[PDB]
Amino acid sequence: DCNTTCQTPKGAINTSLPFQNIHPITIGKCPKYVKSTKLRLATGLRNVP
Amino acid sequence: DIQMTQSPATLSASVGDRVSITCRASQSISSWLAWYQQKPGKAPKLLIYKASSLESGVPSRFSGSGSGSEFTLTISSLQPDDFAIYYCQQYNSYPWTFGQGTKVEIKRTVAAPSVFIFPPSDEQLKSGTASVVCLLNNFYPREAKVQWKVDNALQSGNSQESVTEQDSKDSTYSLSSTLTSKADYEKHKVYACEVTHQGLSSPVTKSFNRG
Amino acid sequence: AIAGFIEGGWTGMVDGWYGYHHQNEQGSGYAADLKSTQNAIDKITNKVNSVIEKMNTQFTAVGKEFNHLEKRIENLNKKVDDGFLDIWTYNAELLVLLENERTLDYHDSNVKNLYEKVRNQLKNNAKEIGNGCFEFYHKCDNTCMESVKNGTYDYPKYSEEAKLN
Amino acid sequence: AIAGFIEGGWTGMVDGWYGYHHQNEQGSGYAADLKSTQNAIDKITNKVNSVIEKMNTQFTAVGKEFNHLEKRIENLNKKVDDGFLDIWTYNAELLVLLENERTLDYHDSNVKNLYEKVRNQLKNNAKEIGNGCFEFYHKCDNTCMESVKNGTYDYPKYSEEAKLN
Amino acid sequence: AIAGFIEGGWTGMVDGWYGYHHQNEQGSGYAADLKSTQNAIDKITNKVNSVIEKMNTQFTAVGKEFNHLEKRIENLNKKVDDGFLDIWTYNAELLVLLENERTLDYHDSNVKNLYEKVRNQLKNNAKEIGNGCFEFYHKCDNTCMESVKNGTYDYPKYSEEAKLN
Amino acid sequence: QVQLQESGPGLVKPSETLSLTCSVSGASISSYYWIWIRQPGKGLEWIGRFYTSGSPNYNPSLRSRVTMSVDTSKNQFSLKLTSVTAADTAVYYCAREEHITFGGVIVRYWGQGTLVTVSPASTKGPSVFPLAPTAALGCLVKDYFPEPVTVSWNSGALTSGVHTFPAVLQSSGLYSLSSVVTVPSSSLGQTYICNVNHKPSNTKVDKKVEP
Amino acid sequence: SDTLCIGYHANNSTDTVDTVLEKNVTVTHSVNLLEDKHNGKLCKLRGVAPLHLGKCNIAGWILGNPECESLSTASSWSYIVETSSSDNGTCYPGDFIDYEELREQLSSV
Ligand SMILES: *[C@@H]1O[C@H](CO)[C@@H](O[C@@H]2O[C@H](CO)[C@@H](O)[C@H](O)[C@H]2NC(C)=O)[C@H](O)[C@H]1NC(C)=O
C-alpha cells in the first residue's frame, strides 16, 4: 500500500537525488541511471586531527 | 536579540487535515531555524533543523519551508499523536530565541462522558475534611459543565476541576471535579454531580446517599 | 592554508568550521567564527541544491517489448539506454570530482582570508610563529582578543609595549 | 577584493571595469585602468565564444510520424527526445552556474592583483586605510600618481618625507 | 606568478618544473625543487587518469540496417547517433578548455606559493628586486642557500649584517 | 544516543541561589558544549552555553545571575542562578549541543526536565485517600507542597486506563491530585494498590483501594 | 606570552571523497548524490495502484483464459505487473497479431 514517483522491478525509489544505480528500467519521474558505486560530494573540510 | 513571532497560538484540526504553523523573525536569520514538538510533561523533540531539513526518524508528513524571516511548518496529514505544543527556534546568533508556541489539539467525533461519583473515604473523615470526587471519563470535546448538588441546592465556589491532556490514541479527555466539611458534610444526605455536555441529550446526574 | 602552513585541524573546536584558539592570563580555549562558518554552509548548501534541483526529469517508461522478428529496433533501444548510461555515469562522476576540488579549495580560501585579516590588523604587535599562530609581544586581554575577532582592533596603543619586547 | 576589503564599486568610474581614484593639490577624479579592463574583456569574450562556437550541430529533423499500430517506436522516439532534453537542460544550466562563479572570481583576482601592485610599489610612503585606499605621507603630484598607475614608481625619494609624517 | 611578476621561464633549469637559481662566492646555477615538481606531476596524473578512466563504455554495435520501406526508423537511428555526437563533441571540447585553465592556474599557484615561502622566511635580509629574485644584503653561502630551499632558515643571525647594508 | 539527567532542590527560597546538576551517561562531558533551557506558563527561554575549553556564553537578561560549571570526575554539568525570585519558577532542561555539521549546531538530546519552585512556603507530605468503586476506582493525593507527585498502580504493573490528573493549587496554597483507573467489574474478586512518591518531603506510601 | 591561533574543524569522520587531483580525501562532512536504496515493494505510482496479473499475462487476462477467472481489473492503473510465473496466455495455440502493441497501449488506462 506504499506510494511512489519512481518505480523499479526490484522496488520503488523515493528521492530527491539526481542519480540512481538500482535498475536501468524505471517508470515515472525518475533519477538518471548510472553505473557508479558512490557519488559522494564533500561539504565539510579536509579532516586532519 | 531576535524576536520569534509565531502564529497561530491555538489550533484545532481533524485527522487527515493539513496544518500550517507560521514563524517570523525580527531580522534576516538565513535558514538557521529549528522546529520542536513538545508532548505534555516532556522535553522538546527536534523535528526540523536548518529551516527545511528533516530529523532522522521523524514522519515525512512533517515538513519545513522558508528563508530570511517567514518560516512554515506543515503537517500534511494530521494524526492523533500530533497533539503537542510546537516551537520555532532561531540559531543565527546569541541568545538563541524560541517562538511563544502553537498548541495543536486533535478534532474528532463527539463522545459522551462516562460519569462516576466518589464519596469521601471513612479514613479522610477521621481528620475533619470531606472530599467528594466526580469523574467524567473519555469524552470529546474538552468543555463540560459540572455542577454540584447537596439536596436541590446548587453549590457555588467550593469546587475545583482538573482536565487530563488529550489522549494520544483516541483523542479523548478526562475531567475530575472535587467538592471539599466535616461538620458541613455530616449535615447533608444526598450528593449529586450534574454533568452538561454537547454529546448528551440532557444533563446526567450521578448521586449517592451518605452511609 | 589547510595542511599548507596551518599543520592540522582541531577536534577541540566543536561548534564551527573555522575559528580561533586564544591564550592569556584570563584563560584559554577554542572559539568558532560563526559568521564565516554560516556563510560557508550557505554557499555549499547552494552548491549541493544546484546539482540536485537542476535535474528536472520527464515522465518516462524505460521498458520496451519487441518480438523475435524485431531484434534490430530492440538493439536500437539498447543503444539509446546504453548511450544515456555512459553519458550520465561520466558527467556525474566528473562533476563530483570537479566540485569536490572546488569545495576543498573554497575552505582553503576561507581559512587563509581569516589568517590574512588577523595579520592585516596586528602587524608589529605580534610575531608570526607560523602554524597559524600569533605570539603577542604585549598583554592581550579577553576584550583585546575579541576586538581582533570582530575586526575592530586598535593597533597603536600596544606598539610601544611591543617595541620593548 | 570585490565586496571583500574594497566595500563598493564606483558609478563615477565610467570608462573601465577596474581603475583608480586619486586626490592631490592639482585635483581629483576617477581613472580607468584600460590595459587590465581590455585583457578582462578579451579573456571573457573568449569564454563566451568558447561556450557558443563549440556547439556544432548536425542537420536534423526532430519530427517523426507513426500510425496507430506503431506506439512502441513512437514512445522510443519520445524517450530519445526527452533523453536529450534532460541531458542538455542539466548541462547548460550547470555550465552557466559554474562559469558565472569563475567569471566573478576572475574579476576578484584582477581587482586584488591591482591593489597588490600599488601596495607592492609604495610600502612605507603610504598607509593602508583599508577600503582599497592609500593615504600618502607625502606630496604625490599628477606625475607621481601616474608613475604608480603605469608601474614605474620611485620609492626612496619620498621615504624621508614619509618618515617625518 | 607565471608571466605575472616572474617574467619568463628557464631553459637552463633542466630537471624540474619549479625551482631556484642561486648566485654566491662558491658559484651559481639552477636547482629544481623536486618535492613540489613531484606533487604537481602526481596531482596532474590523477587529473589525466580521472578524465580517461571514468569513461566506462558498454559493448555496442553502432551499425544498423533498414530496407527501402524503413526510412523513418533509419532516420531515428541517425538522430540517436547525431545526438550522441553533438553531446560528446561539446562536452569533451569544453572539458579540455576548462581543465587546461585549471592546470595552468595550478602551476601559477605552485610558483607563487614557492616565492611566498622564500619571502616568508627572509623578510629584511634580502630586497625584492621583483622578477622572482631576492638580492641578499649579506653573505649567503651554499648551506644558507640550501637552508632556504628545505625551509629551515635562521633569520636573526644575518639581520645585523643586513642592517648596515 | 546519550542520557542526560537533571537533579536539584525542587524548592528554593526567594533571594537564594539555585543549584542544578546534569548527570550525563553515554558521552564525555569534556567533548561537548552543554546548554541550559528553562520554561516558566511562558514559552521556552535559553539560559546559556558552557564548554570545558572554553569561553561560556549566557543570555544578556540573565548574565549577572547565571554561572555554569563542568565536573570532569563525576561527568556532570552544573547551573548556578543567584538571587532568585518568583519569575525563576520554571522547568529546567539540560541539553547537549551537537558538534558542527551541515545543519549544523542543534539541540538533539535533552534531559527529562526538573521542576523548580521559588517560595518561602514549607514542604508538606501528602495524605493519600482511596476512591472506592466496567468499574472505576482511584486515589486522592491530597494536601502537598511542592510539585511534583509521581503516581503508579500495582508497582507500575497497571498501565491500562490510568488517568493521573494535573494538580490544583487550593485556597491554602497546597496541592491536590487525583489518579483514577477503569478496570473490568468482574475482576475485583485481584488487588489494586496505588504507589505515591513525593520527593521533596520524602513521603513514600502505598494504598490498597478496596470496594 | 599571550597567543592567538587561526584553525579549522576536525572530527573522527572517516568519510572519503574523490577530487580531480586527489583520491580518497577524508572529509569532516559530506552528501551522497547517488541513490542506492529501494523499499523492495511494488508501490502505487502517481497515487494510482498497478494492475497485477500473477500467473496470467496480458494475453490470458484480456481474452479471459479459464485460469485468469479469479482476477478483477480496476477502473484505472498506472502500470501493469507480470510475474516470472505469468505463463497463462493463449491456451489454444496460435498467433496474437500485434500483441506487443496492444500491451503498450493497455500499459496505462
Ligand atoms: C495455465 O497454467 C499453467 C502454466 O503455468 C499450465 O500448466 C502447465 O501447462 C504446461 C503446458 O505449457 C504443461 O506442460 C504442464 O504439465 C502444466 N502444469 C504445470 C507445468 O504446472 C496450464 O496448462 C495453463 N492453462 C490454461 C488454461 O491456460
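Here the Cβ is made from the backbone with ideal geometry for all residues, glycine too, and neighbour counts use every protein chain on show. Coordinate-derived values only; no laboratory data.
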Q: Any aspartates and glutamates with Cα under 15 Å of the B:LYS206 Cα? List them, leaving off those in the same chain fewer than 8 positions away.
A: B:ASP151, B:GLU194
(Q) Could you give the length gained by full extension between G:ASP36 and G:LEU102, i.e. 0.36 nm per residue of separation minus their alpha carbon distance, to one decimal place? (A) 20.4 nm
Q) G:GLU67 to E:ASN75: FRET efficiency via 1/(1 + (r/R0)^6), r the Cβ-Cβ distance, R0 41 Å, to the nearest 0.05? A) 0.40
Q: Please report B:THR102, B:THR109, C:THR103, C:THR60 as a ranked list, fewest other C-beta atoms within 10 angstrom at the top and most at the bottom.
A: B:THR109, C:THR60, B:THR102, C:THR103
Q. What shape does chain E have by the C-alpha gyration tensor, where a ≥ b ≥ c are the square roots of the eigenvalues, rounded means a/c under 1.5, and otherwise prolate means a/b greater than b/c and oblate the rest?
A. prolate
Q) For G:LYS23, which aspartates and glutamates qualify as cross-link partners when the Cα separation must be under 19 Å and same-chain residues fewer than eight apart are set aside? A) C:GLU93, C:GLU99, C:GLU101, C:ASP105, C:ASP108, E:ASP42, E:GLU53, E:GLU99, G:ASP15
Q: Taking the Cα centre of the stretch F:121-210 as origin, work out the dipole magnitude from +1 charges on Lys and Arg Cβ and -1 charges on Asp and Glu Cβ, in debye rounded to 20.
A: 140 debye
Q. To the nearest Å, what is the center-to-center distance of the stretch D:34-108 and the stretch B:43-105, using C-alpha atoms only?
A. 41 Å
(Q) How would the protein assembly as shown be classified by its alpha-carbon gyration tensor: rounded, prolate or oblate, with rounded meaning a/c under 1.5 and the a/b versus b/c comparison settling the rest? (A) oblate
Q.
I'd like the distance between the alpha-carbon centres of the stretch B:114-193 and the stretch G:31-108, rounded to an integer number of Å.
A. 64 Å
Q. For labels at F:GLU210 and F:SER19 in the simple 7 Å Cα→Cβ model, what's the distance in nm?
A. 4.7 nm
Q: Obtain the nm distance between the two label points defined at D:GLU128 and F:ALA135 by a simple spin-label model: each point lies 7 Å from its Cα along the Cα-to-C-beta direction.
A: 8.9 nm
(Q) Quick check: the distance between the Cα centres of the stretch F:18-82 and the stretch A:7-44, to the nearest angstrom? (A) 45 Å
Q: Using the structure shown, select from C:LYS117/D:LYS139; A:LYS32/E:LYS64; A:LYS35/G:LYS41; B:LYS50/D:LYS112; D:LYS43/E:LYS123; C:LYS43/F:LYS74 the pairs with a Cα to Cα distance greater than 32 angstrom.
A: B:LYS50/D:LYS112; D:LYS43/E:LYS123; C:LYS43/F:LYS74
Q: Could you work out, residue by residue across F:30-38, how many beta carbons of other chains sit within 10 Å of that residue's beta carbon, and then give the average as an integer?
A: 2
Q | Sorted by Cβ neighbour density within 10 Å, fewest at the top, the residues F:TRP153, D:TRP10, C:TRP17, G:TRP61 | A | D:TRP10, G:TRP61, F:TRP153, C:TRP17
Q) Can you pull the mean other chain C-beta count within 10 Å for peptide C:63-72? A) 4
Q. Which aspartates and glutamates have a Cα less than 12 Å from the Cα of G:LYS44, not counting those fewer than 8 places away in the same chain?
A. A:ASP1
Q) Counting other C-beta atoms within 10 Å, which of D:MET145, E:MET55, B:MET4 has the fewest, and how do the rest follow? A) E:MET55, D:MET145, B:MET4
Q: With r as the distance between the Cβ atoms of F:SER171 and B:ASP184 and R0 = 22 Å, compute the FRET efficiency 1/(1 + (r/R0)^6) and round to 0.05.
A: 0.90
Q) Using θ = phi - 60° and the Karplus curve 6.51 cos²θ - 1.76 cosθ + 1.60, what whole-Hz ³J(HN,Hα) does each residue of the stretch D:22-29 get, with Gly and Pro shown as x? A) 10, 7, 8, 5, 5, x, 7, x
Q) Label point 7 Å out from G:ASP87 along Cα-to-Cβ: which residues of the stretch G:54-74 have amide N under 20 Å? A) G:54-71
Q: Name the residues whose placed amide hydrogens come within less than 5 Å of the amide hydrogen of A:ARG40, ignoring near sequence neighbours (fewer than 5 apart) on the same chain.
A: G:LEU33
Q) For the stretch F:1-120, what is the charge dipole size about the Cα centre, in debye to the nearest 20, if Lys and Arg each add +1 at the Cβ and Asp and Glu each add -1 at the Cβ? A) 120 debye
Q: Grab the eigenvalues of the alpha-carbon gyration tensor for chain B, scale each by 5, take roots, and send me the semi-axes largest first in whole angstrom.
A: 46, 19, 13
Q: Measure off 7 Å from each Cα along the Cα-to-Cβ vector at E:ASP105 and D:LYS54, then give the distance between these two points in nanometres to one decimal.
A: 1.4 nm
Q) Which FRET efficiency value, to the nearest 0.05, do you get for F:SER61 and A:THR15 by plugging their Cβ-Cβ distance into 1/(1 + (r/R0)^6) with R0 = 56 Å? A) 0.80
Q: With +1 on each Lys and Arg Cβ and -1 on each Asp and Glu Cβ, and nothing else charged, work out how big the dipole of chain D is about its Cα centre, in Debye to the nearest 20.
A: 300 debye
